[PDB]
């Protein structure tokens, strides 16, 4: 990865191991505000297998704030997952890897283009939530997982009805960890604000199997275990929005 892109050897990369006892509580971290996320069924959205993940392109109007006047627009979401019972979250908590992880990528409203934002502090912000195994089938996730067979081939795509993107995220928007790092694939650009929800979302075992067994990647590989190894904090302190 450093071979094909030197930025991946920077000092301040993602993902990282979260250690809640070492997190710094700041009461200045207010609840996340996410407006415009309740999409109607039409227009439909592009869902695509890009060889690294499944990506869902989001329309204009999904507004997000990390604080007063620190506003963002959602661009896309994608997921990270494992294989055959083995977990594939990117972030870990006290060394525990979760079954999967959802990432919603946003662009700061101070930047008109993603390419201006790359490498600039706070230019990009990702909301990250862990996916765990639960007893019930998750309705929000089923809308996407049920469409994966259609895009099983690397590079294929389809159109899916609009859905409540906020329904894919955990219950409490006031409880999260936050630090600054990087994209977890090339170009590994730094200055990305990562916000990792404390609470998780639950999908059924079948849903998780569907996530990790349907899509194919580059060559004849299954699209599985699409997570980067944990990176050192190098002095960065993870903040927490709760004591």
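For the two forms, the rigid core is made up of the largest set of C-alpha atoms that agree within 1.5 Å on superposition. Positions refer to the first chain, counted from 1.
Larger root-mean-square CA separation from the shown form, computed after a rigid core fit of the structures in 4 other deposited structures of this protein, is seen for 5 to 13 when 226 to 234 is set against 5 to 13.
Stretch comparison (20 to 28 versus 219 to 227) by mean CA B-factor in the PDB entry places 219 to 227 on top. In this crystal structure, the stretch out of 203 to 211 and 65 to 73 whose C-alpha atoms carry the higher mean B factor is 203 to 211. The maximum CA B-factor among the listed residues 146, 89, 109, 171, taken from the PDB record, is found at 146. Ranking 129, 151, 126, 117 by the C-alpha B-factor listed in the PDB entry places 151 at the top. Sorting the modelled residues of the chain by their CA temperature factor places residue 42 in the highest third. When the modelled residues of the chain are ordered by their C-alpha B factor, residue 50 lands in the highest third. Per-chain ranking of the deposited C-alpha B factor places residue 134 in the highest third. When the modelled residues of the chain are ordered by their C-alpha B factor, residue 8 lands in the middle third. Sort the chain's modelled residues by C-alpha temperature factor and residue 83 lands in the highest third, per the entry.
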